[PDB]
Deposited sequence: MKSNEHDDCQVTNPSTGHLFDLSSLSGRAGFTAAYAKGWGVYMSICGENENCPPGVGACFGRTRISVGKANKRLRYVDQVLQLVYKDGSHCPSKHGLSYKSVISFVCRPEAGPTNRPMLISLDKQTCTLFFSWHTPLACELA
């Protein structure tokens, strides 16, 4: 399933996942192993980033994706995908893009991996909000 406004239903059970208590411009710092972190906001722009940007490198404020509210539910996790970030330094003109996977936890996000060859950033966040 996919749905807008920072919420999605599990069509099997009619359970509504709602990430909107994580929303707002103050946002969060995603931890990063190689260097400073990433400012990020859930389902909206981060005030520490350029207009409309949901996540950006904390050192430079360079965009790693425009915010949107399209929450997906897939293989038992919630995902947001911020597209159209800044241009990445690789082979073809590729723009950054952030994937934010929320997994169930019966808590800050982490940047776990950065695909250099697709300029995709993968984040994880363990949260009781993705539980069912």
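- Stretches of the deposited sequence absent from the structure, as judged by C-alpha coordinates, are 1-3, 110-114, 141-142.
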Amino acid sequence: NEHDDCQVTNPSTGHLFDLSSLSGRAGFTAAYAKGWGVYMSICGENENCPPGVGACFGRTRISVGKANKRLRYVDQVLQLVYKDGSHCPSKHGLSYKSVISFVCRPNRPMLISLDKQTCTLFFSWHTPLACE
From here on, numbers count along this sequence of modelled residues.
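- Look at the C-alpha B-factors of 50-58 and of 34-42. On average they run higher in 34-42.
- 2-10 and 123-131 differ in mean CA B-factor, and the higher of the two is recorded for 2-10.
- Of the candidates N68, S63, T29, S95, the one whose C-alpha carries the top B factor in the deposited record is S95.
- For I100, the recorded CA temperature factor ranks within the lowest third of the chain's modelled residues.
- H15: CA B factor lies in the lowest third for its chain, per the PDB record.
- Placement of the Cα temperature factor of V81 within the chain: lowest third of the modelled residues, per the deposited record.
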